[PDB]
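Just so you know, all these numbers are worked out from the coordinates, no wet-lab data involved. FYI the Cβ positions are ideal-geometry reconstructions off the backbone, even for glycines, and counts take in every protein chain you see.
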Amino acid sequence: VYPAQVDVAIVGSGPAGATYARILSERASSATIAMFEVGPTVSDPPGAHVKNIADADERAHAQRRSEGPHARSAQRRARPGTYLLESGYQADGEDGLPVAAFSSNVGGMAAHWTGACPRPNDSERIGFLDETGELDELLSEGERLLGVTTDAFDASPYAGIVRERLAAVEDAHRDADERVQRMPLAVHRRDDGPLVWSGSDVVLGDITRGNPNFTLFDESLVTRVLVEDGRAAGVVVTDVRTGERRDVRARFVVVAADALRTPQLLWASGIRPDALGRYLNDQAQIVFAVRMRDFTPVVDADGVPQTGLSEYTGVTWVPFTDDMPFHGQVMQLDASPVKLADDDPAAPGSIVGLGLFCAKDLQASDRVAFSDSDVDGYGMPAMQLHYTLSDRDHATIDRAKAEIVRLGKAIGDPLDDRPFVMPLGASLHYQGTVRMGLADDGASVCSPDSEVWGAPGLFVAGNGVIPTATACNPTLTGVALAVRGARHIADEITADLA
Ligand SMILES: Cc1cc2nc3c(=O)[nH]c(=O)nc-3n(C[C@H](O)[C@H](O)[C@H](O)COP(=O)(O)OP(=O)(O)OC[C@H]3O[C@@H](n4cnc5c(N)ncnc54)[C@H](O)[C@@H]3O)c2cc1C
């Protein structure tokens, strides 16, 4: 049932592919757009967060259906809704990324995420985009695409307690962009009431869902980018249910398949610039849990809602600075990406999690490589992950450990006297494998318009495009770069009237 040809073909249905779809439905409403996603549709509207599902059985089922090719080792475990590499996650003598993870479903990982959307600060910021002022406009556009808000928790009885206690011990030398503040969150209220995380449902929006020139094929594996006469020419799509392959022609191909499957697809298609898969970076994650002190109990608590989130302390943001190079977030437990502790039923909302994230010392040898012979559960070239912590990595991680204890003691009594360094890959923030650069000099995969050097008309999208060393949650930034790329494709299409 696939089209013979469309104008733009998008592989991937998380916020990056969705960003391209929505921006072209806005600025290029005349263009036909096909989106191919290998995973099933597990939520309504497609791409919506699993916490929209009220029945616990159905919700657990949506999660299990997102967990990869085998979905129809107790010491190396994936969070629900994601799956790990079965092998190739670590080479001899290397740290590797033991819990590098993926999601395969409409909505991508954003059907399962915890929605935190900070802006990059200081050296995390892409400078050639920051100098023109365009970076701020792109980040504003991404906040619009994700419906990002800071106020979602401002009415709860515990509003501001965590922010107050942190501000008490925060250096009087930081300015507004750097002081303790609310986390900006990709969250919205359901018409029936409950707060819930926002994903590709929100990025796609009613403008994409109502666009008669747009189509979404779930359970559709892209095995190849068709290149012809120098340019991107289309995609090869396998219907996962019947197994038949078909070519879809396209003047534009956007690959937003996450930071490791996007290089996978490009390698399988013979598009192999030297930077492809290289400069891969995860954000080492340190976690901590504390019981808040001096906690006025609420006389008539609501009892956890059957969809969406509870409203306890919310999420606070402790911003990255060059001088203090960790992204910090303090979270009520149902907003943490990692199970840290159980809430006290005697005092709901009093146990809070903390996570600090480090910036990686970027290395050429930190990469994802691919096999000529072996294949994964989708029949795509199998990955081998090469990843080493430098001494600078270890030094900054030790700093993060001391700082997370200092921040947690300011809030309450720690559940443990020392924090925990999560296994590498646990942050689920993988950047750099298809990084943008100013010039085709071998050190980048794509241009500032996200177009890959040497394959005009081929575009890349997601956290893999971020070329800098970052600590903060990357999705907002990946979506912002997607905004620039999709605007460029719209420019090209409207100009095609020549
Ligand atoms: C529990 C959890 C908590 C998180 N918390 C945060 C947070 O607070 N802040 C933040 O910024 N991020 C967070 N993240 C990470 C966030 O989900 C990702 O950064 C974001 O989803 C990246 O979007 P993407 O579209 O680039 O890739 P993805 O979200 O992975 O989507 C890519 C899609 O491409 C599809 N695809 C891949 N290959 C093919 C193919 N070959 N053919 C067809 N389809 C293909 C995949 O199946 C997937 O659906 C969290 C993630 C999880 C799991």
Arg231-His61 pseudo-label distance in nm [points 7 Å out on the Cα-to-Cβ vector]: 4.6
Distance-filtered residues of the stretch 313-355 - backbone nitrogen under 14 Å, label point 7 angstrom along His173 Cα→Cβ: 321-325
30 Å Cα-Cα reach of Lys360 towards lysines, excluding residues that sit fewer than 8 places from it in its own chain: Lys339, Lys401, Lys409
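Which FRET efficiency value, to the nearest 0.05, do you get for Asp122 and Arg249 by plugging their Cβ-Cβ distance into 1/(1 + (r/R0)^6) with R0 = 45 Å?
Details: r = 44 Å, r/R0 = 0.98.
Efficiency, from the Cβ-Cβ distance: 0.50.
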Whole-angstrom gap from the stretch 257-295 to the stretch 88-122, using each part's C-alpha centre: 5
Computed label-point distance, nm, for sites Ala439 and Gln5 using a 7 Å Cα→Cβ extension: 3.7
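Please state the charge dipole magnitude for the stretch 438-498, taken about the Cα centre, from unit charges on C-beta atoms (+1 on K and R, -1 on D and E), reported in debye and rounded to the nearest 20.
Numbers: 2 positive and 7 negative charges, 57 e Å.
The dipole magnitude comes to about 280 debye.
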Charge dipole (the stretch 293-353, unit charges on Cβ, about Cα centre) - positive-most of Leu333, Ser310, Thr296: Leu333
Residue (of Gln363, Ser427, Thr396) at the positive-pole extreme of the stretch 318-450, dipole from beta-carbon charges: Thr396
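Percent antiparallel among DSSP beta bridges with both residues in the chain, to the nearest 5?
On the way: 56 of 73 bridges.
Here the antiparallel bridges make up roughly 75 percent for the chain.
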Cα gyration tensor shape of the stretch 154-213, rounded if a/c is under 1.5, else prolate or oblate by comparing a/b with b/c: oblate
Shape category assigned to the stretch 346-498 from the gyration tensor of Cα positions, a/c cut at 1.5: prolate
Length released on extending from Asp239 to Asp372, taking residue separation times 0.36 nm less the Cα-Cα span: 45.5 nm
Electrostatic dipole magnitude of the stretch 1-147 [Cβ: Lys, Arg +1; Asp, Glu -1; Cα centre; debye, to 20]: 700
Residues in the stretch 436-463 that a label on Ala495 would reach, taking backbone N under 13 Å of a point 7 Å out along Cα→Cβ: 449, 457
For peptides 247-255, 226-234, sequence by mean Cβ density within 10 Å, most packed first: 247-255, 226-234
Positive-end residue, the stretch 1-98 charge dipole about Cα centroid, Cβ charges, pick of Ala34, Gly88, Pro45: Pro45
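Would you mind working out the magnitude of the charge dipole of the chain relative to its Cα centre, with +1 at each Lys and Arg C-beta and -1 at each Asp and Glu C-beta, to the nearest 20 Debye? Please list the in-between numbers first.
Details: 45 positive and 72 negative charges, 150 e Å.
Around 720 debye, computed over the chain.
So if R0 is 60 Å, what FRET efficiency would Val299 and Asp92 give, r being the distance between their Cβ atoms, rounded to the nearest 0.05? Can you show the working numbers first?
Values: r = 60 Å, r/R0 = 0.99.
E between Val299 and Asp92, to the nearest 0.05, is 0.50.
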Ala347 paired with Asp136, simple spin-label distance in nm, labels 7 Å along Cα-to-beta-carbon: 4.3
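Under the classification rounded if a/c is under 1.5, otherwise prolate if a/b is larger than b/c and oblate if not, where does the stretch 305-424 fall, given a ≥ b ≥ c as square roots of the Cα gyration tensor eigenvalues?
It is oblate, given that a/c is not under 1.5 and a/b is not larger than b/c.
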